[PDB]
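Peer 1: experimental coordinates for this protein are included below, preceded by the sequence.
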Amino acid sequence: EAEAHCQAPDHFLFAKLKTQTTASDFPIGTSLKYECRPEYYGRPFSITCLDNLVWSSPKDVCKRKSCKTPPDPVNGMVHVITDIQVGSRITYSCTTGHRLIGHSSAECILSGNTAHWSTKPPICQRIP
């Protein structure tokens, strides 16, 4: 006996399947393992086939990697345009009077194991 089956799990994209599988229709009562992508963090979760031919509703389990906010530079401050994930770039701007020394806008990225800004935070110094 095994009436009803949970249809093929929807594509997460940010998670690659990680469990023995050789069929389209999955049997209810079975968690499928999925590991997020490098640019993501939240350990390997799993969607449980409940009964209504549906997979357990996953909350905020998977989340794109994010770099730690850079310390505000002396006589200045960085403004995030949206956020600080491995894709969003933060703009640096010193308070009126002193010009920034170093770069202009560092983009948050990822090497593979750990996320880090493409360029270290500049500085600020009175303009000659």
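Peer 2: Done, it's in. Numbering: from 1, shown residues only.
Peer 1: report the contact partners of the most centrally placed residue in the chain.
Peer 2: The C-alpha lying nearest the average C-alpha coordinate of the chain belongs to residue 64 (C-alpha atoms, centre = their mean; 0.5 Å). Applying C-beta atoms under 8 Å, 6 or more residues apart in numbering to residue 64 gives the contacts 14, 39-41, 85-87. C-betas here are computed from N, CA, C, even on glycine.
Peer 1: now residue 35
Peer 2: So residue 35 contacts 15-16, 18, 44 (C-beta under 8 Å, 6+ apart).
Peer 1: residue 107 touches residue 118, doesn't it?
Peer 2: Yes: with contact defined as C-beta atoms under 8 Å, residue 107 counts as touching residue 118 (4.7 Å).
Peer 1: show me the contacts for the nearest residue to residue 125 once chain neighbours are set aside.
Peer 2: Distances taken as C-beta to C-beta, 6 or more residues apart in numbering place residue 98 nearest to residue 125, at 5.2 Å, with adjacent residues excluded. By C-beta under 8 Å, 6+ apart, the contact list for residue 98 reads 75-76, 124-127.
Peer 1: how does it look with 6 Å?
Peer 2: 75, 124-126 (C-beta atoms under 6 Å, 6 or more residues apart in numbering).
Peer 1: ok, now residue 41?
Peer 2: residue 65.
Peer 1: just the buried ones from the contacts of residue 35?
Peer 2: By neighbour count, with 16 or more other C-beta atoms under 10 Å, the contacts of residue 35 hold residue 15 as buried.
Peer 1: could you chop this protein up by domain?
Peer 2: Following curated CATH domains, one finds the domains of the chain at 1-67, 68-115.
Peer 1: what's the span of the first one from first residue to last?
Peer 2: Yep, that's domain 1-67 we're talking about. Domain 1-67 stretches 50 Å from its first residue to its last (C-alpha to C-alpha, to the nearest Å).
Peer 1: please apply the same query to the last one.
Peer 2: With C-alpha to C-alpha applied, domain 68-115 spans 9 Å between its terminal residues.
Peer 1: residue 23 versus the closest residue to residue 25 other than its chain neighbours, what's the distance?
Peer 2: Once flanking residues are discounted, residue 25 sits nearest to residue 5: 4.3 Å by C-beta to C-beta, 6+ apart. To residue 23, residue 5 is 9 Å away according to C-beta to C-beta, to the nearest Å.
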